[PDB]
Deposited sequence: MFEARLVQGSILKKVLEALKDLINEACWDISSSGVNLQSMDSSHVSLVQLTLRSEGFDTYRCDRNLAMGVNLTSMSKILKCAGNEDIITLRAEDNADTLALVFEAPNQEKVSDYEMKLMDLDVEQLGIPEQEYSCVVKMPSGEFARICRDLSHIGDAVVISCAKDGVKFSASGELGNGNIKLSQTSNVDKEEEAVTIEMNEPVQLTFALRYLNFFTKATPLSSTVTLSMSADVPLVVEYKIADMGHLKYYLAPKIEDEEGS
């Protein structure tokens, strides 16, 4: 039996908007500590990992760990039917489908969506803890607009962490552009870094934006970037991007 009642339904709405565009199907691992999801996009250039802790939920119970394979396009479709102040409970039987119950925030009206669950052949992948050479924490809106702006200019962004602060650069037919950010923005450097990334993926990641007014970027020499959005102390959405080569 799984049952998880979340008061701020908006959270789940937005989490599902963020996933559905990067990926299409993904296995939600439900266990006693909370809800865990970790998948790559079709090309394997990007991964996302979602964590939602049990303490985030007004109620939460899980009897046997489980691993639900879900169409994320479909789930997000069902969720478009929850209002932004609705109270959403998910619910699944021991060993078939997923209830979603949406409760009117206060005035009573309840909705009951049932969706199937597809058999999915996913394998768990290991993220080897690492200390990053450069960590940037900036307002999430600002990062979204930078990826949006530079994507008008060229399809790649060169991200440069130096003493000063941090610079983003791109170029194409229109010309060249770069944007420099200095030190609410905090930079936490350790050995300057320069990397290049595909703006396409970054513009998918910034879809998590409504979840948080801040984002943190993590880089080291020749390793995948981490974009992270904290979800009001109940967890997060982490995205990883391999370096454009």
Q: Give the ranges of the deposited sequence, numbered from 1, for which the structure holds no C-alpha coordinates, in sequence order.
A: 96, 185-193, 256-261
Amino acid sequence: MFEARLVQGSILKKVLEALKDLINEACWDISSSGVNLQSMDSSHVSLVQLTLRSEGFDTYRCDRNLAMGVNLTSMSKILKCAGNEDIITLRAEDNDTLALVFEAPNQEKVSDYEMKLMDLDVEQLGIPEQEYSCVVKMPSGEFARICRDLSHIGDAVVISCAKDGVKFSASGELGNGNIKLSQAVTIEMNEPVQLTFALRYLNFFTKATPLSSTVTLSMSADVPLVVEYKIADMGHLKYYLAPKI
From here on, numbers count along this sequence of modelled residues.
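Rigid core (definition): largest C-alpha set, two forms, superposition within 1.5 Å.
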Q | Of 52-60 and 172-180, which departs more from this form in 6 other deposited structures of this protein by CA RMS after core fitting | A | 172-180
Q) If you line up the core and then measure how far each C-alpha sits from this form in 6 other deposited structures of this protein, which stretch comes out higher, 195-203 or 41-49? A) 41-49
(Q) Going by the mean C-alpha B-factor recorded in the entry, which is higher: 33-41 or 204-212? (A) 33-41
Q: Check the entry's C-alpha temperature factors for 145-153 and 101-109, then say which stretch has the higher mean.
A: 101-109
Q. What's the residue among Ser169, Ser133, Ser140, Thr73 with the greatest CA temperature factor in the PDB record?
A. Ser133
Q) Highest Cα B-factor in the deposition, which of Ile87, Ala162, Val158, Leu79? A) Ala162
Q.
Which third, lowest, middle or highest, does the C-alpha temperature factor of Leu6 belong to within its own chain?
A. lowest
Q. How does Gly83 rank on Cα B-factor within its chain, lowest, middle or highest third?
A. middle
Q) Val48: which third of its chain by C-alpha temperature factor? A) middle
Q: Using the B-factors in the PDB entry, rank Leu199's C-alpha atom against the chain and give the third, lowest, middle or highest.
A: lowest
Q) With respect to C-alpha B-factor, does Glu114 fall in the lowest, middle or highest third of the chain as deposited? A) middle
